[PDB]
Structure formats: structure tokens, C-alpha cells
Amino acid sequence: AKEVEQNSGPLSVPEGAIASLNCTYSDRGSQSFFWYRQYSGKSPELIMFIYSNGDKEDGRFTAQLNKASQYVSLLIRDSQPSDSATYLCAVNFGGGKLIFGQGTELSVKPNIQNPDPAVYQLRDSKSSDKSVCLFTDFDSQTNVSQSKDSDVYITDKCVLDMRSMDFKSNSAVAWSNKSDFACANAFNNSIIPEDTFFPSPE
């Protein structure tokens, strides 16, 4: 990516809203324009192609090419959390090169219906001294910061979808093998909102 350029993002879009992705390119020899979608740990798959100036519509996707202004764009109407992926602009150049942009990660944030932020402590199913902390049920604007202590591990948040209950929720996990660790040492006031339900494990 140097003849084809994109912002890396991540771009954050509320569910239902229009997601807009843009890509620019060098005008010498550019023939055809592609949008690829790449899910995490998967391969890029073609969603749209365009070669003449104007709009092209396919379902919720709209591609727009303006060769004079040297951009190409993709609009995603009615965006769903399952649209969260990396979107890759690709351009065909004369002589054989298919050049990709750096990709824009789109995160489509679920509207959390009933935020119920909580941190729960879970025990290992196997006989051990081990537990993990689960921060869950928080709203989608919550930022989960990286640990500031080497031996305390804190994940980023992810969205799970219980499809048959029509229920989405956010969570992040923390754990530590430090002798004096409490879940609160990881999910502290820099992360958890006011009135987080933080029950003592029994």
C-alpha cells in the first residue's frame, strides 16, 4: 500500500447507522476497483467491484467511484455487528499488479438494550487455585484498557451474540497468578463504570 491507501481505523459505527469506508489511489494505469471483506483469521472475499464513475448498489452495500478525484468508497447501510471486519480496497494496475490498501477495520457497536455492568469471578472446572475475572454486560462505549502490570492480563472487549435469545453482550476477561491478586486490581476504576455489580465469589 503506497499506490493504494486507506485509513487503518478502527472505525466505530453504531448499529443501524451508515458505515463509510474510503480509499484513494495513484491515477497512472488504474483500471478496476474492488472492495474485499476479511473477517478475523479468515481470507479476503470480494464484496464489490466497480470500474466506471458513479454509484453501484448491491443490497446494503453502495460502492462509489470518482476517478477524477481518485477515490473509491463503500457505504454500508443499516450496519450490523456481524459487518465487523477488515475492509480492503484493491486496485488493478496496467502491467499485472493487484495492489491492496492497508485495510480499514470496521467495528459495528451493538446498542446494549439493558446495560448491567458486572464483574464476576469464575473458578476452574479442574481442581486448582485458578480463577478468572469476567467484566460483562457493559455498554458499547466502554473502553477496556490494557493492564499496567506485567503479571495481570486483561483482554480487549468482544461482542458475543446469543442468536436464539436475540441477545448481544460485551465482555472482557482478566486473570493473574499473583499471590495477592483481586479481580478489582484488573477491573479497577480506570475501566469499570459507576455502579458496576461486583459480587464477592462464594
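All residue numbers refer to positions in the sequence shown, first residue = 1.
> Per the PDB record, is the mean Cα temperature factor higher over 153 to 161 or over 28 to 36?
Replying inline: Averaged over C-alpha atoms, the B-factors run higher in 28 to 36.
> Got a sec? Mean C-alpha B-factor, which is higher, 92 to 100 or 112 to 120?
Replying inline: Mean C-alpha B-factor is greater for 92 to 100.
> With respect to the C-alpha temperature factors reported in the PDB entry, which of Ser176, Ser52, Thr136, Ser140 ranks highest?
Replying inline: Going by the entry's C-alpha B-factors, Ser52 comes out highest.
> According to the deposited entry, which of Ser107, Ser73, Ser131, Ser127 has the largest Cα B-factor?
Replying inline: If I rank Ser107, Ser73, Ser131, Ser127 by C-alpha B-factor, first place goes to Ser127.
>> Quick check on the deposited entry: does the C-alpha B-factor of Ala172 sit in the lowest, middle or highest third of its chain?
In response: Its C-alpha B-factor belongs to the lowest third of this chain's values.
>> Quick check on the deposited entry: does the C-alpha B-factor of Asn7 sit in the lowest, middle or highest third of its chain?
In response: For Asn7, whose C-alpha B-factor we compare with every modelled residue in the chain, the answer is the highest third.
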